[PDB]
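Student: Have a look at this one before I ask anything.
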Amino acid sequence: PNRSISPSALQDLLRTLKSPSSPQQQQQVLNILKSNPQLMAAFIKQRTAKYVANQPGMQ
């Protein structure tokens, strides 16, 4: 398998991400992100709302 990730986790993550009007949003999403680490890695790499997209190749 080149993509041995759990779709059940991803689909459940979608549910959780879309409903933020609850204390569960922060807790559950992060835990689900841990279940599908590749997506967690992407989110962490973006640093949420911090702008770390600064590479010394921009003019």
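Only the coordinates and a few stated rules stand behind these numbers; no lab work does. Counting neighbours? That spans all protein chains shown, and the Cβs are built from the backbone with ideal geometry, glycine included.
Student: I'm checking my understanding of the structure. Among residues of the range 12-59 that are in contact (Cβ under 8 Å) with a residue 24 or more places away in the chain and not hydrophobic (A, V, I, L, M, F, W, C), which one is surrounded by the fewest Cβ atoms within 10 Å (Cβ to Cβ)?
Tutor: Looking at the filtered set, the residue picked out is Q38.
Student: OK, next. Across the range 29-59, what is the number of residues that are of a type in the set (G, A, S) and in contact with a helix residue (DSSP H, G or I) (Cβ under 7 Å, 6 or more places away or on another chain)?
Tutor: Summing the residues that are of a type in the set (G, A, S) and in contact with a helix residue (DSSP H, G or I) (Cβ under 7 Å, 6 or more places away or on another chain) in the range 29-59 gives 1.
Student: Continuing with this model, one more query. I'd like the full set of residues that are small (G, A, S) and surrounded by 10 or more Cβ atoms within 10 Å (Cβ to Cβ), limited to the range 1-11.
Tutor: Selection gives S6, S8, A9.
Student: Tally the residues that are β-branched (V, I, T) and part of a loop (DSSP other than H, G, I, E, B), restricting the search to the range 32-56.
Tutor: So the answer is 2.
Student: For the range 42-59, give me the residue count where each residue is farther than 26 Å from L10 by Cα and among the small types (G, A, S).
Tutor: Here the count works out to 1.
Student: Given the condition among the charged types (D, E, K, R) and under 9 Å from the mean Cα position of the chain (by Cα), answer yes or no: does some residue in the range 11-22 qualify?
Tutor: no
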